[PDB]
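Chain and residue survey
Here's the letter readout for the chains.
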Amino acid sequence: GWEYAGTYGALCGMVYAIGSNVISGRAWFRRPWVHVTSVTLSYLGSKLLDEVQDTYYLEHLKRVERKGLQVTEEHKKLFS
Amino acid sequence: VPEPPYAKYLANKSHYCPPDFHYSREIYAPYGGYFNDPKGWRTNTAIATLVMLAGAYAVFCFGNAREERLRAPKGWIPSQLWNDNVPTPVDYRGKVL
Amino acid sequence: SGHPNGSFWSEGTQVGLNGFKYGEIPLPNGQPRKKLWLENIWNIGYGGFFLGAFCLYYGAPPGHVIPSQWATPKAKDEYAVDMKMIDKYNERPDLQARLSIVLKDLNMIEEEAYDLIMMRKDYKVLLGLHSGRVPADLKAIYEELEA
Amino acid sequence: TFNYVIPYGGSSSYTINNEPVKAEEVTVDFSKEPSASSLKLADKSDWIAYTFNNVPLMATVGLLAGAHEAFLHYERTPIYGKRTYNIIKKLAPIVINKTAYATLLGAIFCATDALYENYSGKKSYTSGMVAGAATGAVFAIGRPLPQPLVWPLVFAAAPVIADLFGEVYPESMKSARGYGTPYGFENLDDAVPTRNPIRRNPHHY
Amino acid sequence: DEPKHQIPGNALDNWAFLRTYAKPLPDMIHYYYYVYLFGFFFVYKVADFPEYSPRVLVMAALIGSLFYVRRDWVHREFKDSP
Amino acid sequence: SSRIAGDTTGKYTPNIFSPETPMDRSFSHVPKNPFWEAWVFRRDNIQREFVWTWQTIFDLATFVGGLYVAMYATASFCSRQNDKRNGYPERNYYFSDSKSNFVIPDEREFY
Amino acid sequence: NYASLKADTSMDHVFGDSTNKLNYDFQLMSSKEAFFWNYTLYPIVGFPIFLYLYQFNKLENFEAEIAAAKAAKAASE
Amino acid sequence: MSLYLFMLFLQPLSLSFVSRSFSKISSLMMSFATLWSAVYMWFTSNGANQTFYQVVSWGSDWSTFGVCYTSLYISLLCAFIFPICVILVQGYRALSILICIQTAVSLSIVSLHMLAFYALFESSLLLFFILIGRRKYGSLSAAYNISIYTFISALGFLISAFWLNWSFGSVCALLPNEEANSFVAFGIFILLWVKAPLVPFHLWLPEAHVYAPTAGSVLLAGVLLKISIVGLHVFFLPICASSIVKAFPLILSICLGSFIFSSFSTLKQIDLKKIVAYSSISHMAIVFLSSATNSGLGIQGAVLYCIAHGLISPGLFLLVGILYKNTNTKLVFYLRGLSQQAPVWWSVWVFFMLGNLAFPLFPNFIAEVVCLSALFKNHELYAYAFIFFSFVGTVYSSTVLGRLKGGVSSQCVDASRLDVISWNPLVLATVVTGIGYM
Amino acid sequence: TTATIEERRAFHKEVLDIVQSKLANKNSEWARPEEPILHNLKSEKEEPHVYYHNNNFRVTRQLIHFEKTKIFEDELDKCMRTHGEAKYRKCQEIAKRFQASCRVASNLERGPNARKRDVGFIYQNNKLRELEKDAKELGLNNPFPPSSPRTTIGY
Ligand SMILES: CCCCCCCCCCCCCCCCCC(=O)OC[C@H](COP(=O)([O-])OCC(O)COP(=O)([O-])OC[C@@H](COC(=O)CCCCCCCCCCCCCCCCC)OC(=O)CCCCCCCCCCCCCCCCC)OC(=O)CCCCCCCCCCCCCCCCC
Ligand SMILES: CCCCCCCCCCCCCCCCCC(=O)OC[C@H](COP(=O)([O-])OCC(O)COP(=O)([O-])OC[C@@H](COC(=O)CCCCCCCCCCCCCCCCC)OC(=O)CCCCCCCCCCCCCCCCC)OC(=O)CCCCCCCCCCCCCCCCC
Ligand SMILES: CCCCCCCCCCCCCCCCCC(=O)OC[C@H](COP(=O)([O-])OCC(O)COP(=O)([O-])OC[C@@H](COC(=O)CCCCCCCCCCCCCCCCC)OC(=O)CCCCCCCCCCCCCCCCC)OC(=O)CCCCCCCCCCCCCCCCC
Ligand SMILES: CCCCCCCCCCCCCCCCCCCC(=O)O[C@H](COC(=O)CCCCCCCCCCCCCC)COP(=O)(O)OCCN
Ligand SMILES: CCCCCCCCCCCCCCCCCCCC(=O)O[C@H](COC(=O)CCCCCCCCCCCCCC)COP(=O)(O)OCCN
Ligand SMILES: CCCCCCCCCCCCCCCCCCCC(=O)O[C@H](COC(=O)CCCCCCCCCCCCCC)COP(=O)(O)OCCN
Ligand SMILES: CCCCCCCCCCCCCCCCCCCC(=O)O[C@H](COC(=O)CCCCCCCCCCCCCC)COP(=O)(O)OCCN
C-alpha cells in the first residue's frame, strides 16, 4: 500500500527514542542504543502493518466480488 | 538637580528658544528638536538643494518622455524649446504656423 | 530676538545631539555601539525577501507572475479583427436585419449588436451554437464578416 | 474554480434532465415501513383523539419525575424514628401534582398543534411554534419578568428542532447511497453493485 | 489592594445558607437499586410502546428536563415535617 | 539614586545589589490610580449589573431586532429587483415559498 | 506606588478654584426618546433605499396596468 | 511547494535538537528560511497553470497539498509575519508553542483535503488554551471562550466533511463535487461564521487577543482570521454555491449587522487592544460579504483586503505591545502626551491608524475600492450601506488619537532600537502594497 | 432534452480519449486553451476533465476581454484628447465600441447574484422605449420619461 511506510517508520522510531529521553528528563542524545532499536523496530512494524492492510484489502475485494459487485480489471488493479 | 552625566552629549538651548521655555533635550524627533539651529546646517541645506535639483532633473526627463500632447497648441508654447513632440501650432482661424 | 549674529547665514548655535536616537548614549571615546544579535539575520532575511520579490515581479517572463501581460498581444489581434468587422457591420444593412433576428431569439436587445460581434469565440456562443440554443444563422453571419 | 477571474461552483441546465438509473440491479430493503400504530397516533384529524393518544407519553414522564422526587423525600425520612405524620399523605401530592402538570402541558401542546394544523389546513413549522409558544405561556403564568419571554421561545424552538432533524433531515438526504457510484454522478466509472449492501437485518425488538 | 467583585449578602447569612447542606446523607445504593429495577422493567416495557411522533418525543424530553429535580435540591430543602 | 542599566558596549550586568535604583524599563511606568483602576474593573465586569427589565427588552428589540428586520427587508427587495432586472425567474430563496426551482443561472443559457 | 491624590493649588489664585463641579448626572438618553430618534434618523440615513423602493413600485404598478390593458384589448379583439 | 513543506516540517523539528540557549537564534534563522522557501514556491508557481499552480501528493488524499491564488497570498503573509512573532517571544516553552501553532496554521492553508484541513487547523487548540491562559498575564475565561467556540464550529465542519466523504466518496477539493443540501452547507458555514468573527459569534476573539502575548495577538489577527477565507474559497464556494445564493439576503443581513454592531461596540472601548480587536471584526464583514457574491471582483477583492488587514493589524498590535512594555498600561485614559513624549512611536502609530481607516496611499484603500465595486455589482444599496457606516470607524479612531495625542505627561516612553527593527518590515510592506504592488 | 446513461458513458469514454490525446504531446499552454470541449452535459461537473478545461478556456477569454477593454479605453481617450470640442460628434463610435467591450467583459462572468452591467444605459433606454410604445398604443399615460436619442457619450 503506502509507499512511504518505511521512511515514516524510521522517523517514528526516532520520535520514540527522543520522546522517551525527553519525558524522563534526559537529553535527546542520551541512551544511543535505544535509538537504533527503536528505529529498526518501528520501521519493521510499519512495513508489517502495510502488508497486513494490503492483505485485508485483497480479502475484501474477494468478498465483494463473491457477493456480486462487478469489479473491473482496473478495480482489481487498485487492490494490489 | 545635578544634571545626569549624558547631559554633556546633548545640545544646548538654541538662540531661537525662549529663555523661559523648558524642554527635555533627550527626546529624539525625526523632524528635529524644539528649536533646532544645528551646527553644519548650511552644508546640509546645500546637500538638500543638490538632491532637489538632481531629482528635478530626473522628474523632468520622465515627464518629457511621458508628456503626450495630442492637439496642436493655438500658439507657440515654451515646451517646444525642450520637447520635440509638440504639434505644429494652428491658430483660431485654422492657419498653420 | 532676530538671528543669532544678526545674519541669517551664520553657523548654528547648537553643538551636540538634538536628542538621543533610540535612547542610546554616545560612547565617550567614539567607540561604535555593539550591534544587536538579530541585526544581521534580520537585514539579510528581509532584504532577501524584498529583492526576490522585485526580481520575480520584473525579471520573470510575461504571463508567469502577471497573467494579464500574456493576453495583451492577443487582445490587440482580436481588437483589429473586431474593428474591421464592426466597420463592415455599419456599412451593410442586410446583415443588420439578420442579426436583429438572431438577437431576439437570444433574449437580447438591438443595442447588444456590437456585443454579439465581440463574443464570437466565447463559452456561451460556442457551446450554444453546438447545442442548438443559438440559431445557426449566426455562424453564416460571422463568416460573411471574415469570422 | 480556484481562480480569481470566474465565479466558483458551476451551473446545471434546467432543460436537460438525466433519466434515473437504479443504484443496483436488485434492491433489498432492511428498513421497515411505518406501523399502522404510528400512522394512527400521527393522525391529527380529530384534535381530541390526537390529544388523548399522545398524552400517555407526557403522563409517563410526569410520573417518572414525581416518583424521582418522592423517592428522594422518602429516602431521607428516618425509619428508626417514629413519625407523627403519614408519609404517603406527604408524598402523594408530589407525584400527583407533577403528573397533572406534565399531562396538562402536553395536552395544551397537542391540542394547539392539532387545532392550528386543521384551521391552517397545512403541515407547517408554524403549528409547532404556536403550540410551543402556548405551552410556554401556560408554564410562565406567574413567573418573574424574564421567564415569560424565555419559556415561549424555548418551547416554540423545541418543535422546530424536532421538525428539522426528525422529518426534514431524513427526507432531504434519502437519495445518498455511499456505495457504487455517487448519486448525482453515474457517468463516472465506479464499481457497480448487483445488490445493495445489507449491513443489518430488519430490527424486531 | 485590588478591585474585587462585590458579594451579595451578609457573611453569616450566606454561611448559614451553606450550612443547610450539612445534613445526614443517605447512601446512594438505595436510590440505585430502585433505579436499576424499574429501569430494567421500563426497558422491557418500552419495546411494546406505540411509535410516537418526533415532535411529541422532543416535547416529552423537554418537560422531563424541566421537571427533573437535582438530588442536592431536595437534600437542602428536605424537612421532616407533615 | 539612579543609575544607567543599559550598556551599549554589551557589558551589561544587572546590579541586583546596587543601593541606587537602576534606570531600567520600569523607570518609565505610569502611576496607576485607585479610582481609575476600579472604574476599569467596573467597565469590564458590567455583566454583573445587567438586569432584565422591560426597558432593556424594549431597547434591545427595537435597535438590534429592528435593524436586523430592516436589513433583511432591504436585502429581499434588492434580490427581487435584481431578479426582475436580470430577467431570471423568481429564485427559490430559503424562506421564500416559491413553486420554482431556479437558484443558479445557467451560464450557457441566454436570459 | 500609586499616584498621589493630592492636588496642586499653586495656580488656584491665578486660574480659579476647582470647587465648582459639573452638574451632569452622566446618564444617557431615555429609552422612549431613543426609539423615536433612531426610527427618525435611520430612515433619513437610508434615503437611497426609499428612492429605489418608490421607483420600483411605480414601475411595477405601471407594468401591471399595461398588462391589464393589453389583456383587455386582446380579449375583445 | 516541496521545499516549503519540508522547511515547515523542519522548523518544529529543529527545536528538539537545539542547545536550549541557541533556541531564539535557530528559530529566527528557520523562520527566515521558511520565508525564503515561500519565495521559492512563488518563483516556481507559473501563472500559466490557471487552476492550481502546484499540487503535490505524498501517498494519500490527506497528504494532498496545493497552492492557488488565495493559498499563495495567505502562505506568503504567514511566512512574512512569523519572524516578527518569533523575535517578540522569549523562552523555550513559548517558542515551542508558537512554532507548533505556526506549523499547523501554515500546513492548513496549503491543504486540499477537508479532513486534513481539519486535522491541521484544530491541532493548535490546546496550545492556544495554554497560551491565552498563561500563569500571570493570561485569562482562563478567554482561553475557554476561544477553545469552546473553535471546537463547536470545527466539529460541525467535521460532520459536514464526513457526509461529503460518505456521499461523494472523496472530500478532496480537486475532485469536482456539488451539493444542494442545506444541512451540509450550514455545517461548513458555521466554521466560517465563528472563525472569521461575525455577530453574534465574535465574542471569543477580543478576549483572546487582549490576554494573548503580543506574538500571539500578531499571529491571530495577521493570519488566523484569514484561515476562514481559505476555507470559503477552497472548501465552501466550489461545493455549496447554491446555498450561498439561496441564503444571500440572510448572509448580507448578518454581515452588515456584524459591521454595524462591531463598529458601535468599538466606541465603548477603553483598552487599546480591544479597540484593535473590534476593528478587525468590523473589517472581516466586508471580506466575507465580497467573497459570498461569487464574482471575480469579490474573490480578488476579499483576498486583497485580507492581505491589507494582515499587514495593518499586526502593525497596530505590535505598536500597542511596545507601548504596553514601556508603560504597563493599555488604558487610553492613562496614556497622554504620546505625541511629545514618543515622536517616533507616534509617527508610526498615526501612519498605521491612517492605514486602518483605508486612506488612498495604503493597501486598504485599493482593497476597499475593489470590495465596494463587487458589492455595487451586486446591488447599489449593498455598497451604499457599507460606505455610509464607515464613518463610525473614523469617530472611534479620531477619539482615541485625540486622547493619546495631547496632555501632560512626565514619562519619556519611546521605542528602542529593537522596536523600530520589528516594525520596519511591516512599514515597508505597507508602503509597497499601498503604491499598487499588491 | 434527455440524456440516457448509455450516451453519458459514451461521452465519458470520448472525454478520456481526448485526455489521452492531449497527454501524448507536452504543451506549455495546456491550461490556456484556445477552444472549448463541446458537450451536452446537464452539469459540467459530471465530466471533470471537461469542467477544468472549459474553466481554463473561460479564464483565458476573460483575461483577453479585460485587455481588449483597456485597449478600447486607450483609443477613446486619445480620440477625445485629439478632437477638442468636436469630441461629442466624432467620438460617438469609439465610445460605443468601448462601452460594448465593457459590457461583454462584465456580463459574461458576472456571477450567480450579480446584475447585468448596463454600460451606456442601453437596457434602461430599451425598457423606456417599450413602456412608451405600450402606453401610446393602449392610450395609457406614461409616468416615465420617453426614451432618449443619446444618454451617454456613446450609448
Ligand atoms: C511507525 C508506524 C506505526 C505502525 C507500527 C508501529 C510498530 C509498533 C511496534 C514498534 C515498537 C517501536 C517502539 C519500541 C522500541 C523498543 C524499545 C527500545 O528501543 O529498547 C528498549 C531498551 C531500553 O533500554 P534502557 O533505556 O537502557 O533500559 C534498560 C535497562 O538497562 C535495564 O537493564 P536490563 O537488565 O534489562 O538489560 C537487558 C538489556 C538492556 O541492556 C541495555 O540496554 C544496556 C545497553 C546495551 C549495550 C549497548 C548496545 C551495544 C550496541 C548498540 C549500538 C548503539 C550504537 C550507538 C553508538 C554507536 C557505538 C559504536 O540488554 C540488552 O541489550 C538485550 C539485547 C542484547 C544486545 C546487547 C548488545 C549486544 C552486543 C552488540 C550487538 C551487535 C553489535 C554491533 C554493533 C555494536 C556497536 C554499533 O533498549 C534495549 O534494550 C536495547 C536493545 C538492543 C541493544 C542494541 C542492540 C542493537 C544492535 C547493535 C547495532 C547494530 C545495528 C542494528 C541492526 C542489526 C541488529 C544486530
Ligand atoms: C532520522 C534522522 C534523524 C533526523 C530527525 C528526524 C526525526 C523526526 C522526528 C523526531 C523529532 C523528535 C520528536 C519529539 C518527541 C518529543 C517532543 C515533545 O515532547 O514535545 C515537547 C518537547 C519540548 O520538551 P521540553 O521543553 O524539554 O519539556 C518537555 C518535558 O518533557 C515536559 O514538560 P512540561 O511537563 O512542562 O509540558 C509543558 C507543555 C504544556 O502542556 C501542553 O501543552 C500539553 C498539550 C498536549 C499536546 C499538545 C497538543 C497539540 C500538539 C500539536 C502537535 C504539534 C505539531 C503541529 C503540527 C500538526 C500535526 C497534525 O508544553 C510542551 O511540552 C511543549 C508545547 C508544544 C509541544 C507539543 C508538541 C508535542 C506533541 C507530542 C510530542 C511527542 C511525544 C511522543 C512520546 C514518545 C514516547 C513517550 O519537544 C519540542 O521541542 C516541541 C515539540 C516538537 C514537536 C515535534 C514532535 C512531532 C509531533 C507532531 C505530531 C505529528 C506526528 C508525529 C510524526 C513526526 C515525524 C515522523
Ligand atoms: C422510584 C425510584 C426513583 C426513580 C424514578 C424512576 C426510576 C428509573 C426508571 C427508569 C429510568 C430510565 C429512564 C429515566 C431517565 C433516564 C436517566 C437515568 O435513568 O439515569 C439514571 C439516573 C441517575 O443516574 P446518575 O449517574 O447517578 O446521576 C447523574 C446525574 O448527574 C445526577 O446528578 P444531579 O441530579 O444532581 O444532576 C442532574 C443533571 C443531570 O443532567 C441530566 O439530567 C442529563 C439529561 C438530559 C437529557 C437526557 C437525554 C434526553 C433524551 C431522552 C430520550 C427520549 C426522547 C427522544 C428524543 C429527545 C431528544 C433529546 O441535570 C441537571 O442539572 C438538572 C437539569 C435537568 C436536565 C438538564 C437539561 C435542561 C435542558 C432544558 C432547557 C431549558 C432551560 C432553558 C433556560 C435556561 C436558562 C439559561 O436516575 C434518574 O435520574 C431516574 C429519574 C427519572 C426522572 C427522569 C425524568 C424524565 C425521564 C425521561 C425524560 C428524558 C430526560 C431526562 C431528564 C433527567 C434524567 C436524569
Ligand atoms: C439551531 C436552529 C434553532 C433555531 C435558532 C433560532 C434562535 C432561537 C430563538 C427561539 C425562537 C424559536 C425558533 C424559531 C426559529 C425559526 C425561524 C423563524 C422563521 C419562521 O418563522 O419561518 C418558519 C420556517 O422557519 C423554520 O422553522 C426553519 C428555520 C430553521 C431555523 C433557523 C436555522 C438556522 C439557525 C441557526 C442560527 C445559529 C445557530 C445557533 C443557535 C415558517 O415556515 P412555514 O413552513 O410554517 O411557512 C408558513 C406557512 N404556514
Ligand atoms: C423582537 C425582535 C424585533 C422586534 C422589533 C422589530 C421592529 C422592526 C420593524 C420595522 C423595521 C424596519 C422596517 C423593515 C420591514 C418593514 C416591513 C417588512 C415587510 C417588507 O418587506 O416591506 C418592505 C419594506 O421596505 C423595505 O424594503 C425596507 C425599508 C426600511 C429599510 C431602511 C430603514 C432604515 C435604514 C437603516 C439601514 C438598514 C438597511 C441597510 C441596508 C417594502 O415592501 P416590498 O415592496 O419590498 O414588498 C415585499 C412584500 N412585503
Ligand atoms: C437535541 C438537542 C436539543 C438541544 C439541547 C441543548 C442542551 C444544551 C446544549 C448546549 C451545548 C453548548 C455547549 C456550551 C455550553 C456553554 C459553556 C458552559 C458554560 C461554562 O460555565 O463554561 C465555563 C467557561 O466556558 C466559557 O467561557 C464559554 C462561554 C460560552 C461558550 C459559547 C458556546 C459556543 C457557541 C454556542 C453556539 C455556537 C453555534 C451553535 C451551532 C467553564 O466552566 P468550569 O470549567 O468552571 O466548570 C465548572 C462547572 N460550572
Ligand atoms: C432564522 C435565520 C436563519 C439563520 C441563518 C442565517 C444565515 C445562515 C445561512 C448559511 C448559508 C448556508 C446554510 C444553508 C441553510 C442554513 C439556514 C438557511 C435558512 C433556513 O433555516 O432554511 C431552512 C432550511 O435549511 C435547513 O433545513 C438547514 C438549516 C440549518 C440546520 C441547523 C443546524 C444544522 C447543523 C448540521 C451539522 C452538519 C450536518 C451535516 C449532515 C428552512 O427554510 P425552508 O426552505 O424550509 O422554507 C420554509 C419557510 N416557509
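Basis of the calculations
- Residues numbered from 1 in each chain as written, not as in the entry; some residues may be left out.
- Chains lettered and ligands numbered in written order.
- Part of a larger assembly, values for the part shown.
- Heavy atoms only, no water.
- Helix = DSSP H or I, 4+ residues; strand = E, 2+ residues; numbered from the N terminus.
- Rg over C-alpha atoms; globule rule 2.2 N^0.38 Å.
- Buried < 20%, exposed > 50% of the residue type's maximum accessible area, 1.4 Å probe, protein only.
- Contact = heavy atoms within 4.5 Å.
- Areas by Shrake-Rupley, 256 points an atom, 1.4 Å probe, with all protein chains shown as cover.
- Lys, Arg positive; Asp, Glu negative; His and termini not counted.
- Charge placed at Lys NZ, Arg CZ, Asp CG, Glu CD.
- Near = heavy atom within 4 Å.
- Polar contact = N/O pair within 3.5 Å; in protein donor to acceptor, adjacent residues only side chain to side chain.
- Nonpolar A, V, L, I, M, F, W, Y, C, P; charged D, E, K, R; others polar.
- Salt bridge = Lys/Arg side-chain N within 4 Å of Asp/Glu carboxyl O.
- Buried area = accessible area lost by both parts, 1.4 Å probe.

Going by the header, the method for this PDB entry is cryo-EM, and the resolution given is 2.97 Å.

What about the overall build of chain F?
Counting secondary structure elements, chain F contains two helices and two strands. Along the chain direction, N to C, the helices and strands of chain F fall in the order β-β-α-α. A globule of 111 residues ought to have a C-alpha radius of gyration of about 13 Å, yet chain F, at 33 Å, is considerably larger. Considering only C-alpha atoms, chain F reaches an extent of 85 × 50 × 20 Å along its principal axes. Looking at the 111 residues of chain F, the share that counts as buried comes to 32%. Sequence separation of 24 or more characterises 4% of the internal contacts of chain F that already satisfy a separation of 6 or more. Here chain F has roughly 7100 Å² of accessible surface; of this, 60% comes from carbon and sulfur atoms. Between the centroid of the 13 positive side chains of chain F and the centroid of its 13 negative side chains there is a distance of 2 Å.

Things to note about the site of ligand 2
Taken together, 21 residues are adjacent to ligand 2, and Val22(A), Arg20(H), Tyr92(H), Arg93(H) and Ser123(H) come closest. Residues within reach of ligand 2 are spread across chains A and H. Within the backbone of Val22(A), an N or O atom sits 3.3 Å from an oxygen atom of ligand 2. About the coverage of ligand 2: the protein hides 60% of its 1800 Å² of free accessible area. Among the elements of the structure, helix 1 (5-23) of chain A together with helix 1 (2-17), helix 4 (92-110) and helix 6 (126-132) of chain H are those that each provide at least two residues to the shell around ligand 2. With eight residues, the top contributor of residues to the shell around ligand 2 is helix 1 of chain A. For the shell around ligand 2, the residue count by class is 14 nonpolar, five polar and two charged.

Regarding the interface of chain E and chain D
Across the boundary between the two partners, chain E contributes 34 residues, which contact 51 residues of chain D. The interface formed by chain E and chain D contains three salt bridges. Among the ionic pairs, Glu117(D) bridges to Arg55(E), the shortest N-O distance being 3.4 Å. Counting every contact that joins chain E to chain D gives ten residue pairs in polar contact. Elements supplying a minimum of two residues to the side of chain E that touches chain D: helix 2 (28-46), helix 3 (54-67) and helix 4 (71-77) of chain E. With twelve residues, helix 3 of chain E is the single largest residue contributor to the side of chain E that touches chain D.

Quick look at the site of ligand 5
Inspection of the region around ligand 5 gives 14 residues, with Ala70(F), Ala73(F), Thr74(F), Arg80(F) and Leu53(G) positioned closest. Taken together, the residues near ligand 5 originate from chains F, G and H. Between ligand 5 and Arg80(F), the relevant distance is 3.0 Å, taken from an oxygen atom to a side-chain nitrogen or oxygen of the residue. Taking 1100 Å² as the accessible area of ligand 5 by itself, protein coverage stands at 56%. Those elements giving two or more residues to the shell around ligand 5 turn out to be helix 2 (54-86) of chain F together with helix 2 (31-45) and helix 3 (47-76) of chain G. It is helix 2 of chain F that contributes the most residues to the shell around ligand 5, eight residues altogether. Its residues assigned to classes, the shell around ligand 5 shows ten nonpolar, three polar and one charged.

Considerations on the interface of chain H and chain I
Often, the extent of an interface is quoted as the loss of accessible area upon association of its parts. On the side of chain I, 19 residues touch chain H, which itself brings 23 residues to the contact. Summed over both partners, the interface of chain H with chain I comes to about 1700 Å²; 46% of that surface belongs to carbon and sulfur atoms. Ranking the residues of chain H by area buried against chain I places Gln50(H), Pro176(H) and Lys377(H) at the top, with a combined share of 37%. The interface formed by chain H and chain I includes one salt bridge. As a salt-bridge pair, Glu380(H) and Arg115(I) come within 3.0 Å of each other at their nearest N and O atoms. Applying the counting rule to chain H against chain I returns nine residue pairs in polar contact. Those elements giving two or more residues to the side of chain H that touches chain I turn out to be helix 11 (227-246) and helix 17 (363-378) of chain H. Looking at which element gives the most residues to the side of chain H that touches chain I, the answer is helix 17 of chain H, with three residues.

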